[PDB]
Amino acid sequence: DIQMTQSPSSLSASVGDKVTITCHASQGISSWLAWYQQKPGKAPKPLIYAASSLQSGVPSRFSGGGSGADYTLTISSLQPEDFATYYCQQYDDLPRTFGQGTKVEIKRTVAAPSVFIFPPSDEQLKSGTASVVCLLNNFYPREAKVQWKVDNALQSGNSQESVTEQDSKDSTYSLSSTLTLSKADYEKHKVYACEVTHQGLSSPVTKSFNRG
């Protein structure tokens, strides 16, 4: 088949900047190249076709260029609605193949996460399971490390994380870390701690509790 690789795979920009996404093909595709824009939860919106030609209804700040095996999408100056994921797709050969996508997210100043730890409810412990939750609220950039420490032993393989998309107004992220233990293992230890390292924290922030 024809492999399509985009570059970069993630990009952080603010409103009014010029952006160029690169799309590379493992063979020449004779400028039969399309670009789509997808926002999370919606179907992809057609953007560019035939490398340069503009799809119907899209603004003039979008444009594409290239030839042979290398193409480029350029946004004149970004607008708030333009932050999304962008895919290229060759239609010179079958199967049609897409590129991995490029996520254009909003740039902002560094913001530290407010860290919160929540003990497992007494109600859940009756069921035989303890879910300890750690909340990292409103921070930037996305990259954070949560590590769990029970009686000061570092946990591995018993936690799951979930992060929200960038907020509509403050452009920050939020993250939850859930440590899941059986009731039996939960009652063998007393100190449950959530240690957070982020670019906005001069020193790691730890939140913790004892059973009771």
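We number the residues from 1 along the sequence you see.
According to the PDB record, 184-192 carries the higher mean C-alpha B-factor of the two stretches 184-192 and 5-13. Here the stretch with the larger average CA B-factor, out of 91-99 and 122-130, is 122-130.
Taking the PDB entry at face value, the top CA B factor among 178, 55, 26, 164 belongs to 55.
Residue 34 sits in the lowest third of its chain by CA B factor, as recorded in the PDB entry.
Sort the chain's modelled residues by C-alpha temperature factor and residue 78 lands in the highest third, per the entry. Among the modelled residues of its chain, residue 67 has a C-alpha B-factor that falls in the middle third according to the deposited record. When the modelled residues of the chain are ordered by C-alpha B-factor, residue 48 sits in the middle third. Ranked within its chain, residue 137 lands in the middle third, by CA B factor from the PDB record.
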